[PDB]
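Novice: Residue numbers (the authors' numbering), protein chains in the order written: chain B, 4 to 44, 49 to 299; chain A, 4 to 44, 51 to 298. Before I ask anything, here is the structure I am working with.
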Amino acid sequence: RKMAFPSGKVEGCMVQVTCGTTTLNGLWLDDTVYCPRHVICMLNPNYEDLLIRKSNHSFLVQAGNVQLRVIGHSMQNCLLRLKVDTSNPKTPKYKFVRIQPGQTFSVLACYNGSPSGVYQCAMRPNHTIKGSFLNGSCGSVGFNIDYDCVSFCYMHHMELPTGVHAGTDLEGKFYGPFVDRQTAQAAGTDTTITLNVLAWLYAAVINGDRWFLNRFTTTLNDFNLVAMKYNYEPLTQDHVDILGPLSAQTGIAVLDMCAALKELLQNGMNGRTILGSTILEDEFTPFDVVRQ
Amino acid sequence: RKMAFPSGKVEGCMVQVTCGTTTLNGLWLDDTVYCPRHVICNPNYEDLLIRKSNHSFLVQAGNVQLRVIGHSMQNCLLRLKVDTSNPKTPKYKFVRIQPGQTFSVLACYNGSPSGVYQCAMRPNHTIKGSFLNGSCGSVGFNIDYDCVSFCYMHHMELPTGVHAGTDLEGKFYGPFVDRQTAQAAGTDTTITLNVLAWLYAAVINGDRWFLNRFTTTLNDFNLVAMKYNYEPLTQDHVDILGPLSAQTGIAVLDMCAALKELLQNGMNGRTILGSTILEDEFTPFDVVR
Ligand SMILES: *[C@@](O)(CO)[C@H](C[C@@H]1CCNC1=O)NC(=O)[C@H](CC(C)C)NC(=O)c1cc2c(OC)cccc2[nH]1
Ligand SMILES: *[C@@](O)(CO)[C@H](C[C@@H]1CCNC1=O)NC(=O)[C@H](CC(C)C)NC(=O)c1cc2c(OC)cccc2[nH]1
Numbered sequence: 004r005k006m007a008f009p010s011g012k013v014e015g016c017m018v019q020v021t022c023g024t025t026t027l028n029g030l031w032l033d034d035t036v037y038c039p040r041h042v043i044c049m050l051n052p053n054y055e056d057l058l059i060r061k062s063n064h065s066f067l068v069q070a071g072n073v074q075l076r077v078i079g080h081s082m083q084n085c086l087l088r089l090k091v092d093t094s095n096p097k098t099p100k101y102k103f104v105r106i107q108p109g110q111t112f113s114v115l116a117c118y119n120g121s122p123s124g125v126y127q128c129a130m131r132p133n134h135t136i137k138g139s140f141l142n143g144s145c146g147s148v149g150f151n152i153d154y155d156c157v158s159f160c161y162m163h164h165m166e167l168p169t170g171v172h173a174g175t176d177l178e179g180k181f182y183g184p185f186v187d188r189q190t191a192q193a194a195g196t197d198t199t200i201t202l203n204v205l206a207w208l209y210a211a212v213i214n215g216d217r218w219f220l221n222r223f224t225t226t227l228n229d230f231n232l233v234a235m236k237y238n239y240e241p242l243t244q245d246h247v248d249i250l251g252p253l254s255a256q257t258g259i260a261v262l263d264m265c266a267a268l269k270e271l272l273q274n275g276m277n278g279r280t281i282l283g284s285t286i287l288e289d290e291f292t293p294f295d296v297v298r299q
Numbered sequence: 004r005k006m007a008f009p010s011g012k013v014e015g016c017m018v019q020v021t022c023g024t025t026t027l028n029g030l031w032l033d034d035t036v037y038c039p040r041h042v043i044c051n052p053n054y055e056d057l058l059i060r061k062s063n064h065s066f067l068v069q070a071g072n073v074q075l076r077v078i079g080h081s082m083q084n085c086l087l088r089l090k091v092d093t094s095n096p097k098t099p100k101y102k103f104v105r106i107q108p109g110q111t112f113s114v115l116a117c118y119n120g121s122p123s124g125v126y127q128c129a130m131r132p133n134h135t136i137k138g139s140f141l142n143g144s145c146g147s148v149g150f151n152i153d154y155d156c157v158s159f160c161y162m163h164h165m166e167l168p169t170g171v172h173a174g175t176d177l178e179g180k181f182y183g184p185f186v187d188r189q190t191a192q193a194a195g196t197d198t199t200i201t202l203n204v205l206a207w208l209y210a211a212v213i214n215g216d217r218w219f220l221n222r223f224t225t226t227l228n229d230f231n232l233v234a235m236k237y238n239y240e241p242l243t244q245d246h247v248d249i250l251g252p253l254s255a256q257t258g259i260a261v262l263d264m265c266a267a268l269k270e271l272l273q274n275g276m277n278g279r280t281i282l283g284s285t286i287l288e289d290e291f292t293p294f295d296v297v298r
């Protein structure tokens, strides 16, 4: 099952940022509030021009009942760093990280500064996420929690015409070739996260369906050559080592699981299922499998 | 997408309760801590509790230690009275959920919340959770408005991998007892009303391939439902699906005729809202939210 991290430490940081009539979500850490810079906008806007035309007083920042006053502002990439007169008493230990494709994080969906729901998603190889984001969701945040430290890694900005979502890290650099404009943008073709599909296949073996296994063998090179022809990410030697624990628990060598996957890619499943589905799941990490 | 409620108001109520070498998670509301009674541990729990002093309960809220002032047992739960009243307790109710309804689980270990996720009370009164060793005392809830409705406390994993537990009054969901016994639930069924709500959800998102021009009656639908291990559908169920009927413009018995086709013919490798299976853990209330 897809589990999310507990959202509490992040709920205390969610605020509402309003400019004129356009409102979105912001992240209040210490005396600074972060939010997508498009709060000040629509096609091909000059963001420097519009920021210099804006006064601190223009930004309405509400944190629950309280109103916070912008004591200053600056732009970092596609984000705005509003300085506020109050430090957030509920700020957690935190860091900004750049999540990598294949990896997962939890999204705390927010509307009007109120956290609505938390779900877990992965960053795809084409630098989009298959999220659930309605109008009002910009500035909602993705994050991982290790110990008591929160790793902020995603701020929501856009939904591509194809249903998927695009955003930035906490420094405002967009993941992927997207720009914050009211234009239709296309992601690159979405390749499948091989490392996670193998983790799934290992998970299926621990659950007791082995029907897709075989005695054929493969080298890493030859598996990667097949995989790319089916739009699957090549498997690095690093990924092989990551699968080590799942390999020893099941007694099935990683290259033999790849030989299995190679046969699934080339012949499909004759309507057969793994863990109940006809399609191979690719947002369960090896860590997720090991933990559960 | 399954979405869990923000777990913040619950995480501040999670504490650790230890009796000897036995540890589990507890729920700290006001001045009382709720936790599965087997923390004191087929025995007799009335005998075990009388031999227990308040001093023997190690209750910890994070770094802090709480002193048990008194206690009492209600069903399968302990009500530990403590000297401190939790400053973080939200507005809350205890409710008993009905099968088919959904909630969020804050999975906890050694008093530390580690994960949140959605799940549903199955018709056989189990839940398909994700619980590991140390997870008893983990709590299920709904956070509608600012009021938290606690509805589940975790107690066990059956041989089949599903989970079982009680309400916050300590009465089990289902036939189970808190003993170290292998126990069996009844045969499960598929939550028909939830499957239909999810079909309405797909239409709203534009997946309409499974629709058709036919209609069915309630009685004819249930003839097909019974054969495929779905719960019978009732007129109460149809009235619940009213608002989604209106939003999509598809009559509730039109959607049933679409579902009978999906059951009879199956889905030919095609997918509804991403999955290759008919999802039954999204309720009509869920889809509105
Ligand atoms: C934020 O809420 C906006 O502050 C919003 C979130 C999306 C709305 C629906 N689901 C979401 O995830 N973001 C946008 O509306 C952004 C705003 C930009 C960055 C200025 N724009 C889009 O996501 C967008 C624009 C267009 C488009 O043009 C018009 C054509 C096709 C798709 C598309 N997406
Ligand atoms: C709590 O953590 C208990 O301290 C624990 C949670 C489960 C452990 C693994 N995953 C869980 O969800 N609960 C138990 O161990 C309970 C304790 C009872 C209520 C006294 N027991 C079981 O879940 C249990 C016992 C047996 C069994 O016996 C023999 C045989 C088969 C399954 C089984 N489950």
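Ideal Cβ placement from N, Cα and C applies to all residues, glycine included.
Do you know how far the Cα of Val148/B is from the Cα of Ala7/A?
Specialist: Spanning the two alpha carbons is a distance of roughly 15 Å.
Novice: Find the nearest neighbour of residue 46/A within the set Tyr154/A, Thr169/A and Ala267/A, judged by alpha-carbon distance.
Specialist: Here chain A is numbered 44 followed immediately by 51, so the structure offers no position for residue 46/A.
Novice: Can you list the residues of chain B that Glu270/A reaches, using a CB-CB cut of under 8 Å?
Specialist: Those within 8 Å of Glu270/A in chain B number zero; the least Cβ separation is about 18 Å.
Novice: Between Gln256/B and chain A, is there a C-beta pair that is closer than 8 Å?
Specialist: It does not: the Cβ of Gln256/B has no partner Cβ on chain A nearer than 8 Å.
Novice: Count the other C-beta atoms from every protein chain shown that fall within 10 angstroms of the C-beta of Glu166/B, then say buried if there are 16 or more, exposed otherwise.
Specialist: Label assigned to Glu166/B: buried.
Novice: Who does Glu270/A pair with in a DSSP beta bridge?
Specialist: Per DSSP, none; premise fails for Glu270/A.
Novice: When the distance is taken between beta carbons, is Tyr161/B closer than 8 Å to residue 46/B?
Specialist: Missing from the coordinates is residue 46/B; the shown part of chain B jumps over it, going from 44 to 49.
Novice: Who are the Cβ neighbours of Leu58/B in its own chain at under 6 Å, not counting the five residues just before and after it?
Specialist: Hits under 6 Å: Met82.
Novice: Alpha carbon to alpha carbon, how far is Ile286/A from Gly283/B? Give it in angstroms, no decimals.
Specialist: Answer to the nearest angstrom: the Cα atoms are 8 Å apart.
Novice: Strictly below 8 Å CB to CB, what residues from chain B border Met130/A?
Specialist: Near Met130/A there are no residues of chain B at all, since even the closest Cβ is about 16 Å away, more than 8 Å.
Novice: Does ligand 2 have a heavy atom nearer than 7 Å to the CB of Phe140/A?
Specialist: Answer for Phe140/A: yes, Cβ within range of ligand 2.
Novice: Just to check, is the beta-carbon of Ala191/A closer than 7 Å to a non-hydrogen atom of ligand 2?
Specialist: Checking every heavy atom of ligand 2 against the Cβ of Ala191/A, one is found closer than 7 Å.
Novice: Bridge partners of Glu166/B, per DSSP?
Specialist: The partner list for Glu166/B (beta bridge, DSSP) reads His172/B.
Novice: Rounded to a whole number of angstroms, what is the C-alpha to C-alpha distance between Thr135/A and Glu270/B?
Specialist: Answer to the nearest angstrom: the Cα atoms are 37 Å apart.
Novice: To which residues does DSSP link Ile136/A through a beta bridge?
Specialist: In DSSP, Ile136/A forms a bridge with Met130/A and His172/A.
Novice: Can you tell which of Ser65/A, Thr24/A, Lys12/A and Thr292/A has the C-alpha that lies nearest to the C-alpha of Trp31/A?
Specialist: Measuring from the Cα of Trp31/A, the nearest candidate turns out to be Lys12/A.
Novice: To the nearest angstrom, how far is it from the Cα of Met17/B to the Cα of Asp229/B?
Specialist: The alpha-carbon atoms of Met17/B and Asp229/B are separated by roughly 48 Å.
Novice: Touch check for the stretch 62-70 of chain B and the stretch 21-35 of chain B: three-plus C-beta pairs under 8 Å?
Specialist: The stretch 62-70 of chain B is in contact with the stretch 21-35 of chain B.
Novice: Should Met162/B be listed as close to ligand 1, given that the test is whether its C-beta is under 7 Å from any heavy atom?
Specialist: False, no ligand heavy atom lies under 7 Å from that Cβ.
Novice: Would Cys156/B be called buried (16 or more neighbouring beta carbons within 10 Å of its own) or exposed?
Specialist: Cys156/B is exposed by the Cβ-count criterion.
Novice: Count the other CB atoms, across all protein chains shown, that sit within 10 Å of the CB of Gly275/B; report buried if there are 16 or more and exposed otherwise.
Specialist: When all chains shown are included, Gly275/B counts as exposed.
Novice: Between the alpha carbons of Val212/A and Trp218/A, how many angstroms are there, rounded?
Specialist: C-alpha separation (whole angstroms): 9 Å.
Novice: When you compare the CB of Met162/B with every CB in chain A, is at least one pair closer than 8 Å?
Specialist: No, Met162/B does not count as interfacial toward chain A.
Novice: Which residues bound the alpha helix (DSSP H) around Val212/A?
Specialist: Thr201 to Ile213 is the span of the alpha helix (DSSP H), which, as asked, contains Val212/A.
Novice: Have a look at the DSSP bridge pairing and note the partners of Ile281/B.
Specialist: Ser284/B, per the DSSP bridge assignment.
Novice: Output needed for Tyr54/A: all residues of its chain with C-beta closer than 6 Å, excluding positions within five of it in sequence on either side, in chain order.
Specialist: Excluding residues within five positions, the ones whose Cβ falls inside 6 Å are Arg40.
Novice: Tell me which same chain residues have a C-beta within less than 6 Å of the C-beta of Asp289/B, skipping the five on either side of it?
Specialist: Closer than 6 Å at the Cβ level, and outside the excluded window around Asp289/B, lie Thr199, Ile200, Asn203 and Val204.
Novice: Within the present structure, is the beta-carbon of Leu167/A separated from the nearest heavy atom of ligand 4 by less than 7 Å?
Specialist: Questions concerning ligand 4 fall outside what the structure shown contains, since the ligands it does hold are ligand 1 and ligand 2.
Novice: Just checking my contact of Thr292/A with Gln107/A at CB under 8 Å: how many whole Å lie between their CB atoms?
Specialist: With a Cβ gap of about 10 Å, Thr292/A and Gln107/A do not count as contacting.
Novice: Measure the alpha-carbon distance for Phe294/B versus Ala206/B and round it to whole angstroms.
Specialist: In a straight line, the C-alpha of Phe294/B is about 9 Å away from that of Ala206/B.
Novice: Rounded to whole angstroms, what's the CA-CA distance from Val104/B to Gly183/B? Just pull it up for me.
Specialist: Answer to the nearest angstrom: the Cα atoms are 16 Å apart.
Novice: Is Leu30/A close to ligand 2? I mean its beta-carbon at under 7 Å from any heavy atom of the ligand.
Specialist: No - ligand 2 has no heavy atom lying nearer than 7 Å to the Cβ of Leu30/A.
Novice: Sort out for me which residues DSSP pairs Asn95/B with in a bridge.
Specialist: The partner list for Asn95/B (beta bridge, DSSP) is empty, contrary to what the question assumes.
Novice: Output needed for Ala210/B: all residues of its chain with C-beta closer than 6 Å, excluding positions within five of it in sequence on either side, in chain order.
Specialist: Around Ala210/B: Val296.
Novice: Where does the unbroken beta strand (DSSP E) through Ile78/B begin, and where does it stop?
Specialist: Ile78/B -> beta strand (DSSP E) spans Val77 to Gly79.
Novice: Would you identify the three-state DSSP class for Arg4/A, choosing helix, strand or coil?
Specialist: In the structure shown, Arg4/A sits in coil (DSSP, three-state: anything other than H, G, I, E or B).
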